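Everything below belongs to start39.cif, which stores mmCIF, N, CA, C and O atoms and all ligand atoms.
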data_upload
loop_
_atom_site.label_atom_id
_atom_site.label_comp_id
_atom_site.auth_asym_id
_atom_site.auth_seq_id
_atom_site.Cartn_x
_atom_site.Cartn_y
_atom_site.Cartn_z
N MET A 657 -28.89 -16.91 26.29
CA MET A 657 -27.73 -16.43 25.49
C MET A 657 -27.09 -15.20 26.16
O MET A 657 -27.54 -14.77 27.22
N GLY A 658 -26.04 -14.65 25.55
CA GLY A 658 -25.39 -13.48 26.12
C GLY A 658 -23.96 -13.26 25.60
O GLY A 658 -23.45 -14.06 24.80
N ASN A 659 -23.32 -12.19 26.05
CA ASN A 659 -21.96 -11.85 25.62
C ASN A 659 -21.06 -11.50 26.81
O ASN A 659 -21.54 -11.08 27.87
N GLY A 660 -19.75 -11.66 26.64
CA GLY A 660 -18.78 -11.26 27.66
C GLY A 660 -17.84 -10.16 27.17
O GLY A 660 -17.33 -10.23 26.05
N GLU A 661 -17.62 -9.15 28.00
CA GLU A 661 -16.75 -8.03 27.63
C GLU A 661 -15.27 -8.44 27.56
O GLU A 661 -14.52 -8.28 28.52
N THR A 662 -14.87 -9.01 26.43
CA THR A 662 -13.46 -9.34 26.19
C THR A 662 -12.75 -8.19 25.46
O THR A 662 -13.26 -7.67 24.47
N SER A 663 -11.58 -7.80 25.96
CA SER A 663 -10.82 -6.68 25.38
C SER A 663 -10.33 -7.01 23.96
O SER A 663 -9.27 -7.62 23.79
N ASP A 664 -11.10 -6.62 22.94
CA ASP A 664 -10.70 -6.85 21.55
C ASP A 664 -9.57 -5.91 21.13
O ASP A 664 -9.68 -4.68 21.24
N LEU A 665 -8.48 -6.48 20.66
CA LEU A 665 -7.36 -5.70 20.12
C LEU A 665 -7.66 -5.27 18.68
O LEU A 665 -8.17 -6.05 17.88
N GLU A 666 -7.35 -4.01 18.37
CA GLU A 666 -7.53 -3.49 17.02
C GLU A 666 -6.50 -4.12 16.06
O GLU A 666 -5.34 -4.30 16.42
N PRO A 667 -6.92 -4.44 14.82
CA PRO A 667 -6.09 -5.21 13.87
C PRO A 667 -4.72 -4.57 13.59
O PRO A 667 -4.62 -3.37 13.37
N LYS A 668 -3.68 -5.40 13.59
CA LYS A 668 -2.33 -4.95 13.26
C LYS A 668 -2.14 -4.91 11.74
O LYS A 668 -2.01 -5.94 11.08
N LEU A 669 -2.14 -3.70 11.19
CA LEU A 669 -1.87 -3.50 9.77
C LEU A 669 -0.37 -3.25 9.55
O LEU A 669 0.23 -2.41 10.22
N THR A 670 0.24 -4.00 8.64
CA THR A 670 1.66 -3.83 8.33
C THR A 670 1.86 -3.31 6.90
O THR A 670 1.62 -4.02 5.93
N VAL A 671 2.32 -2.06 6.80
CA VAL A 671 2.51 -1.39 5.51
C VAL A 671 3.86 -0.65 5.48
O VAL A 671 4.20 0.07 6.42
N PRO A 672 4.66 -0.82 4.41
CA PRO A 672 5.93 -0.10 4.25
C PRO A 672 5.71 1.38 3.89
O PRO A 672 5.09 1.69 2.87
N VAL A 673 6.23 2.29 4.71
CA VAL A 673 6.00 3.73 4.52
C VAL A 673 6.62 4.25 3.21
O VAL A 673 6.14 5.23 2.62
N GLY A 674 7.67 3.57 2.73
CA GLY A 674 8.33 4.00 1.50
C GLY A 674 8.94 2.85 0.70
O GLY A 674 9.53 1.93 1.26
N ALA A 675 8.80 2.92 -0.62
CA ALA A 675 9.34 1.90 -1.53
C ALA A 675 9.99 2.56 -2.76
O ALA A 675 9.60 3.66 -3.17
N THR A 676 10.99 1.90 -3.36
CA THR A 676 11.67 2.45 -4.54
C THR A 676 11.96 1.35 -5.58
O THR A 676 12.69 0.39 -5.30
N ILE A 677 11.40 1.49 -6.78
CA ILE A 677 11.58 0.50 -7.86
C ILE A 677 11.98 1.18 -9.18
O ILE A 677 12.05 2.41 -9.26
N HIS A 678 12.24 0.38 -10.21
CA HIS A 678 12.67 0.91 -11.52
C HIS A 678 11.58 0.76 -12.59
O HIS A 678 10.62 0.00 -12.43
N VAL A 679 11.74 1.50 -13.69
CA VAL A 679 10.86 1.38 -14.85
C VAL A 679 10.96 -0.02 -15.48
O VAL A 679 12.02 -0.41 -15.98
N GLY A 680 9.86 -0.77 -15.45
CA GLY A 680 9.85 -2.14 -15.96
C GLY A 680 9.98 -3.19 -14.86
O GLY A 680 9.99 -4.40 -15.14
N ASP A 681 10.07 -2.74 -13.61
CA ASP A 681 10.23 -3.65 -12.47
C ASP A 681 8.87 -4.11 -11.91
O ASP A 681 7.85 -3.46 -12.10
N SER A 682 8.88 -5.25 -11.21
CA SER A 682 7.65 -5.85 -10.65
C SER A 682 7.27 -5.21 -9.31
O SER A 682 8.13 -4.85 -8.51
N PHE A 683 5.96 -5.08 -9.06
CA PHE A 683 5.46 -4.54 -7.79
C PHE A 683 4.10 -5.18 -7.41
O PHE A 683 3.10 -4.97 -8.10
N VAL A 684 4.08 -5.94 -6.32
CA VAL A 684 2.86 -6.62 -5.86
C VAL A 684 2.41 -6.10 -4.47
O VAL A 684 2.94 -6.52 -3.44
N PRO A 685 1.42 -5.19 -4.43
CA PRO A 685 0.94 -4.57 -3.17
C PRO A 685 0.40 -5.60 -2.15
O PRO A 685 0.61 -5.45 -0.95
N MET A 686 -0.29 -6.64 -2.63
CA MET A 686 -0.90 -7.63 -1.74
C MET A 686 0.12 -8.66 -1.21
O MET A 686 -0.22 -9.52 -0.40
N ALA A 687 1.37 -8.56 -1.65
CA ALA A 687 2.43 -9.44 -1.16
C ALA A 687 3.25 -8.77 -0.05
O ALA A 687 3.75 -9.43 0.86
N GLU A 688 3.39 -7.44 -0.14
CA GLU A 688 4.23 -6.69 0.80
C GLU A 688 3.40 -6.03 1.93
O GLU A 688 3.96 -5.40 2.83
N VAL A 689 2.08 -6.19 1.88
CA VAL A 689 1.18 -5.62 2.90
C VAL A 689 0.31 -6.71 3.56
O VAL A 689 -0.40 -7.45 2.88
N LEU A 690 0.38 -6.79 4.90
CA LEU A 690 -0.39 -7.79 5.66
C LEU A 690 -1.28 -7.13 6.73
O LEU A 690 -1.07 -5.97 7.09
N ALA A 691 -2.27 -7.87 7.22
CA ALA A 691 -3.14 -7.39 8.31
C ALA A 691 -3.64 -8.55 9.18
O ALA A 691 -4.30 -9.47 8.69
N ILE A 692 -3.34 -8.49 10.48
CA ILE A 692 -3.66 -9.59 11.40
C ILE A 692 -4.44 -9.11 12.64
O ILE A 692 -4.04 -8.15 13.31
N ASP A 693 -5.55 -9.78 12.94
CA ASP A 693 -6.31 -9.52 14.17
C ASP A 693 -6.29 -10.77 15.08
O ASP A 693 -6.29 -11.90 14.59
N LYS A 694 -6.25 -10.56 16.39
CA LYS A 694 -6.20 -11.67 17.35
C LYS A 694 -7.54 -12.42 17.44
O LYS A 694 -7.57 -13.65 17.43
N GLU A 695 -8.63 -11.67 17.53
CA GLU A 695 -9.95 -12.24 17.79
C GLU A 695 -10.62 -12.75 16.50
O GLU A 695 -11.13 -13.87 16.45
N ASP A 696 -10.64 -11.91 15.47
CA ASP A 696 -11.32 -12.24 14.21
C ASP A 696 -10.44 -13.11 13.30
O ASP A 696 -10.93 -13.97 12.57
N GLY A 697 -9.12 -12.89 13.36
CA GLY A 697 -8.18 -13.70 12.60
C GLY A 697 -7.42 -12.92 11.53
O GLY A 697 -7.16 -11.72 11.69
N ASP A 698 -7.04 -13.60 10.45
CA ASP A 698 -6.31 -12.97 9.35
C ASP A 698 -7.22 -12.01 8.57
O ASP A 698 -8.23 -12.42 7.99
N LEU A 699 -6.86 -10.72 8.54
CA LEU A 699 -7.67 -9.72 7.85
C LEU A 699 -6.98 -9.21 6.57
O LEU A 699 -7.40 -8.21 5.98
N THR A 700 -5.94 -9.91 6.13
CA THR A 700 -5.18 -9.52 4.93
C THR A 700 -6.09 -9.42 3.69
O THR A 700 -5.94 -8.51 2.87
N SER A 701 -7.04 -10.34 3.57
CA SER A 701 -7.99 -10.34 2.46
C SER A 701 -8.93 -9.13 2.51
O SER A 701 -9.48 -8.70 1.49
N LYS A 702 -9.11 -8.58 3.71
CA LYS A 702 -10.03 -7.45 3.92
C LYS A 702 -9.37 -6.09 3.61
O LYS A 702 -10.04 -5.06 3.61
N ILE A 703 -8.06 -6.10 3.33
CA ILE A 703 -7.32 -4.86 3.06
C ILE A 703 -7.82 -4.15 1.79
O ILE A 703 -7.85 -4.73 0.70
N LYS A 704 -8.23 -2.89 1.94
CA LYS A 704 -8.66 -2.06 0.82
C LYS A 704 -7.45 -1.32 0.21
O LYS A 704 -6.81 -0.53 0.89
N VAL A 705 -7.15 -1.60 -1.05
CA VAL A 705 -5.99 -1.02 -1.72
C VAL A 705 -6.39 0.12 -2.67
O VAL A 705 -6.93 -0.12 -3.75
N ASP A 706 -6.12 1.36 -2.27
CA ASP A 706 -6.49 2.54 -3.06
C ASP A 706 -5.25 3.20 -3.69
O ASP A 706 -4.16 3.18 -3.12
N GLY A 707 -5.43 3.79 -4.87
CA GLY A 707 -4.31 4.41 -5.59
C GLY A 707 -3.75 3.51 -6.69
O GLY A 707 -4.22 2.39 -6.90
N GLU A 708 -2.73 4.00 -7.41
CA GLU A 708 -2.14 3.24 -8.52
C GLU A 708 -0.65 3.57 -8.72
O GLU A 708 -0.25 4.74 -8.74
N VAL A 709 0.16 2.52 -8.89
CA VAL A 709 1.60 2.68 -9.17
C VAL A 709 1.94 2.22 -10.59
O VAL A 709 1.70 1.07 -10.96
N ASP A 710 2.49 3.13 -11.39
CA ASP A 710 2.90 2.81 -12.76
C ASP A 710 4.41 2.54 -12.84
O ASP A 710 5.21 3.24 -12.22
N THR A 711 4.81 1.53 -13.62
CA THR A 711 6.22 1.17 -13.77
C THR A 711 6.77 1.47 -15.17
O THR A 711 7.85 1.01 -15.53
N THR A 712 6.03 2.25 -15.97
CA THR A 712 6.51 2.67 -17.30
C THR A 712 7.01 4.12 -17.28
O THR A 712 7.85 4.52 -18.09
N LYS A 713 6.46 4.91 -16.36
CA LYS A 713 6.85 6.31 -16.17
C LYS A 713 7.47 6.52 -14.78
O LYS A 713 6.98 6.01 -13.78
N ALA A 714 8.57 7.27 -14.74
CA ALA A 714 9.25 7.56 -13.47
C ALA A 714 8.49 8.61 -12.65
O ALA A 714 8.00 9.60 -13.19
N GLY A 715 8.38 8.38 -11.34
CA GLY A 715 7.67 9.32 -10.47
C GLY A 715 7.26 8.70 -9.14
O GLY A 715 7.52 7.52 -8.89
N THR A 716 6.60 9.49 -8.30
CA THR A 716 6.14 9.01 -6.98
C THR A 716 4.63 8.73 -6.98
O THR A 716 3.82 9.55 -7.43
N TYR A 717 4.25 7.55 -6.49
CA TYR A 717 2.85 7.13 -6.40
C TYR A 717 2.53 6.63 -4.98
O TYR A 717 3.20 5.75 -4.46
N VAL A 718 1.50 7.21 -4.35
CA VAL A 718 1.15 6.86 -2.97
C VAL A 718 -0.07 5.92 -2.89
O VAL A 718 -1.16 6.26 -3.36
N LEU A 719 0.12 4.76 -2.28
CA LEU A 719 -0.96 3.77 -2.12
C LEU A 719 -1.56 3.83 -0.71
O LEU A 719 -0.85 4.06 0.27
N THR A 720 -2.87 3.62 -0.61
CA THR A 720 -3.57 3.61 0.68
C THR A 720 -4.11 2.21 1.02
O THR A 720 -4.70 1.54 0.17
N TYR A 721 -3.89 1.77 2.25
CA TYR A 721 -4.35 0.45 2.71
C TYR A 721 -5.22 0.57 3.97
O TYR A 721 -4.73 0.98 5.03
N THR A 722 -6.50 0.23 3.85
CA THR A 722 -7.44 0.32 4.99
C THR A 722 -8.07 -1.04 5.30
O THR A 722 -8.64 -1.68 4.42
N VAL A 723 -7.99 -1.47 6.56
CA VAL A 723 -8.54 -2.77 6.97
C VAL A 723 -9.44 -2.63 8.21
O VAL A 723 -9.11 -1.91 9.16
N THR A 724 -10.59 -3.32 8.20
CA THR A 724 -11.56 -3.22 9.30
C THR A 724 -11.81 -4.58 9.97
O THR A 724 -11.98 -5.60 9.30
N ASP A 725 -11.82 -4.58 11.30
CA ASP A 725 -12.17 -5.76 12.09
C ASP A 725 -13.70 -5.88 12.21
O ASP A 725 -14.41 -4.88 12.25
N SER A 726 -14.20 -7.12 12.30
CA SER A 726 -15.64 -7.36 12.41
C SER A 726 -16.19 -6.84 13.75
O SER A 726 -17.39 -6.61 13.90
N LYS A 727 -15.28 -6.66 14.71
CA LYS A 727 -15.64 -6.14 16.04
C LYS A 727 -15.75 -4.60 16.05
O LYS A 727 -16.10 -4.01 17.06
N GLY A 728 -15.43 -3.97 14.92
CA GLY A 728 -15.64 -2.52 14.78
C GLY A 728 -14.37 -1.68 14.78
O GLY A 728 -14.43 -0.47 14.57
N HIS A 729 -13.21 -2.30 15.02
CA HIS A 729 -11.94 -1.56 15.01
C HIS A 729 -11.37 -1.43 13.58
O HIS A 729 -11.14 -2.42 12.90
N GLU A 730 -11.14 -0.19 13.14
CA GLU A 730 -10.63 0.07 11.78
C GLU A 730 -9.30 0.84 11.81
O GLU A 730 -9.16 1.84 12.51
N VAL A 731 -8.33 0.36 11.03
CA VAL A 731 -7.01 1.02 10.92
C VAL A 731 -6.59 1.21 9.45
O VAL A 731 -6.97 0.41 8.58
N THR A 732 -5.82 2.26 9.17
CA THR A 732 -5.38 2.56 7.79
C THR A 732 -3.96 3.14 7.75
O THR A 732 -3.53 3.84 8.67
N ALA A 733 -3.23 2.83 6.67
CA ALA A 733 -1.85 3.31 6.48
C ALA A 733 -1.54 3.50 4.99
O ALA A 733 -2.23 2.95 4.13
N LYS A 734 -0.49 4.26 4.68
CA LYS A 734 -0.12 4.53 3.28
C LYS A 734 1.32 4.09 2.96
O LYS A 734 2.16 3.94 3.85
N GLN A 735 1.59 3.91 1.66
CA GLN A 735 2.92 3.51 1.17
C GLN A 735 3.38 4.46 0.05
O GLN A 735 2.70 4.60 -0.97
N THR A 736 4.53 5.10 0.23
CA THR A 736 5.06 6.03 -0.77
C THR A 736 6.03 5.34 -1.73
O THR A 736 7.19 5.09 -1.37
N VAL A 737 5.59 5.03 -2.94
CA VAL A 737 6.43 4.35 -3.92
C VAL A 737 7.08 5.35 -4.90
O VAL A 737 6.41 6.24 -5.41
N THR A 738 8.38 5.20 -5.13
CA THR A 738 9.09 6.06 -6.09
C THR A 738 9.73 5.23 -7.20
O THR A 738 10.65 4.44 -6.96
N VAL A 739 9.22 5.38 -8.42
CA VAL A 739 9.75 4.68 -9.59
C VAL A 739 10.80 5.55 -10.32
O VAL A 739 10.58 6.74 -10.55
N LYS A 740 11.93 4.95 -10.67
CA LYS A 740 13.00 5.67 -11.38
C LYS A 740 13.44 4.93 -12.66
O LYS A 740 13.18 3.74 -12.81
N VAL A 741 14.11 5.64 -13.56
CA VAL A 741 14.52 5.07 -14.85
C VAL A 741 15.81 4.24 -14.71
O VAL A 741 16.67 4.55 -13.90
N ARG A 742 15.91 3.18 -15.50
CA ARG A 742 17.07 2.26 -15.44
C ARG A 742 18.20 2.67 -16.41
O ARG A 742 19.21 1.98 -16.54
N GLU A 743 18.01 3.80 -17.10
CA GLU A 743 19.01 4.33 -18.04
C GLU A 743 19.02 5.86 -18.02
O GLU A 743 18.19 6.50 -17.36
N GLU A 744 19.95 6.46 -18.77
CA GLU A 744 20.03 7.93 -18.87
C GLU A 744 19.16 8.46 -20.01
O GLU A 744 19.54 8.39 -21.19
N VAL A 745 17.99 8.97 -19.67
CA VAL A 745 17.14 9.69 -20.63
C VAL A 745 16.97 11.15 -20.19
O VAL A 745 16.15 11.47 -19.33
N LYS A 746 17.80 12.03 -20.75
CA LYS A 746 17.82 13.44 -20.35
C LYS A 746 16.57 14.20 -20.83
O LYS A 746 15.83 13.73 -21.70
N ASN A 747 16.37 15.38 -20.27
CA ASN A 747 15.24 16.23 -20.64
C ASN A 747 15.74 17.57 -21.21
O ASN A 747 16.45 18.32 -20.54
N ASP A 748 15.37 17.86 -22.46
CA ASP A 748 15.80 19.09 -23.13
C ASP A 748 14.66 20.13 -23.16
O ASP A 748 14.41 20.77 -24.19
N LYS A 749 14.00 20.31 -22.02
CA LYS A 749 12.83 21.20 -21.89
C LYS A 749 11.66 20.75 -22.79
O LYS A 749 11.62 21.06 -23.98
N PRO A 750 10.70 19.98 -22.22
CA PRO A 750 9.47 19.61 -22.94
C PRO A 750 8.71 20.85 -23.45
O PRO A 750 8.01 21.53 -22.69
N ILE A 751 8.86 21.14 -24.75
CA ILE A 751 8.23 22.32 -25.35
C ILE A 751 6.74 22.09 -25.68
O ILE A 751 6.07 22.98 -26.22
N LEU A 752 6.24 20.91 -25.35
CA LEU A 752 4.82 20.58 -25.56
C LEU A 752 3.94 21.27 -24.51
O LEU A 752 3.89 20.85 -23.35
N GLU A 753 3.25 22.32 -24.93
CA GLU A 753 2.38 23.08 -24.02
C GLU A 753 0.93 22.58 -24.10
O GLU A 753 0.29 22.33 -23.07
CA CA A 801 -9.90 -7.59 17.13
#

Show this structure as structure tokens.
Ligand SMILES: [Ca+2]
Amino acid sequence: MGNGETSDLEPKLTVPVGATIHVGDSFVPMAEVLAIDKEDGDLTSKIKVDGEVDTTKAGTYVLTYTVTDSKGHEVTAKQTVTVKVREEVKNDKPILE
């Protein structure tokens, strides 16, 4: 038996650096993020999705995506999501302390 020194390429992780959606809008992290390796194959299923994006409250939520190749190469990237309101709801100073 034995092994040959083949140049393994580190997995190509594809993640959008920034996203913008509305309150009540749909957001699927596993649809917009992919990961492909040449030697091991499709690593999209291996993607670790950290963080949480809410679509009921307006604000910025950052998601983390980390994927590892079986050959030992690991890569990670983040996505900055910004949710905004679909109507005019003004703020009269939240007096709730
Ligand atoms: Ca590889």

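You can rank A:724, A:711, A:735, A:701 by their closest distance to ligand CA 801 (chain A) using only C-alpha atoms and all ligand atoms, and at the top of that list sits A:724.
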
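Residues of protein or nucleic acid lying within 10 Å of ligand CA 801 (chain A), counting only C-alpha atoms and all ligand atoms, are residues 662, 663, 664, 665, 666, 667, 668, 692, 693, 694, 695, 696, 697, 699, 724, 725, 726, 727, 728, 729 and 730 of chain A.
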
Backbone-only DSSP, strand (DSSP E or B) members of chain A, as a PyMOL selection string: chain A and resi 668-670+674-678+690-692+698+704-706+715-724+730-740

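With distances restricted to all atoms listed in the file, A:739 is the closest residue to residue 716 of chain A from A:691, A:684, A:739, A:751.
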
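Comparing A:677, A:750, A:723, A:659 by their smallest distance to residue 702 of chain A, the closest is A:723 (using only N, CA, C and O atoms).
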
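Near residue 713 of chain A, within 7 Å and counting all atoms listed in the file, sit residues 679, 680, 710, 716, 739, 740 and 741 of chain A, not including residues fewer than 3 positions from it in the same chain.
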
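A straight line drawn from atom O of residue 717 of chain A to atom N of residue 703 of chain A is 18.1 Å long.
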
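The coordinates place atom O of residue 712 of chain A at 12.7 Å from atom O of residue 744 of chain A.
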
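For chain A, the set of residues given helix (DSSP H, G or I) by DSSP on the backbone reads residues 685, 686, 687, 688, 700, 701 and 702 of chain A.
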
Save the residues we just selected, N, CA, C and O atoms, as a compact mmCIF listing (two decimals), in the frame of the given file?
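The new file out-v9.txt reads:
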# COMPACT_ATOMS: atom_id res chain seq x y z
N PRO A 685 1.42 -5.19 -4.43
CA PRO A 685 0.94 -4.57 -3.17
C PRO A 685 0.40 -5.60 -2.15
O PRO A 685 0.61 -5.45 -0.95
N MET A 686 -0.29 -6.64 -2.63
CA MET A 686 -0.90 -7.63 -1.74
C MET A 686 0.12 -8.66 -1.21
O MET A 686 -0.22 -9.52 -0.40
N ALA A 687 1.37 -8.56 -1.65
CA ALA A 687 2.43 -9.44 -1.16
C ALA A 687 3.25 -8.77 -0.05
O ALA A 687 3.75 -9.43 0.86
N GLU A 688 3.39 -7.44 -0.14
CA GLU A 688 4.23 -6.69 0.80
C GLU A 688 3.40 -6.03 1.93
O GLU A 688 3.96 -5.40 2.83
N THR A 700 -5.94 -9.91 6.13
CA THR A 700 -5.18 -9.52 4.93
C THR A 700 -6.09 -9.42 3.69
O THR A 700 -5.94 -8.51 2.87
N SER A 701 -7.04 -10.34 3.57
CA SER A 701 -7.99 -10.34 2.46
C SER A 701 -8.93 -9.13 2.51
O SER A 701 -9.48 -8.70 1.49
N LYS A 702 -9.11 -8.58 3.71
CA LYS A 702 -10.03 -7.45 3.92
C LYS A 702 -9.37 -6.09 3.61
O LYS A 702 -10.04 -5.06 3.61

Would you list the contacts of residue 675 of chain A as a count of residues only, taking every protein, DNA or RNA residue within 4.5 Å and counting all atoms listed in the file, but skipping same-chain residues closer than 3 positions in sequence? 3
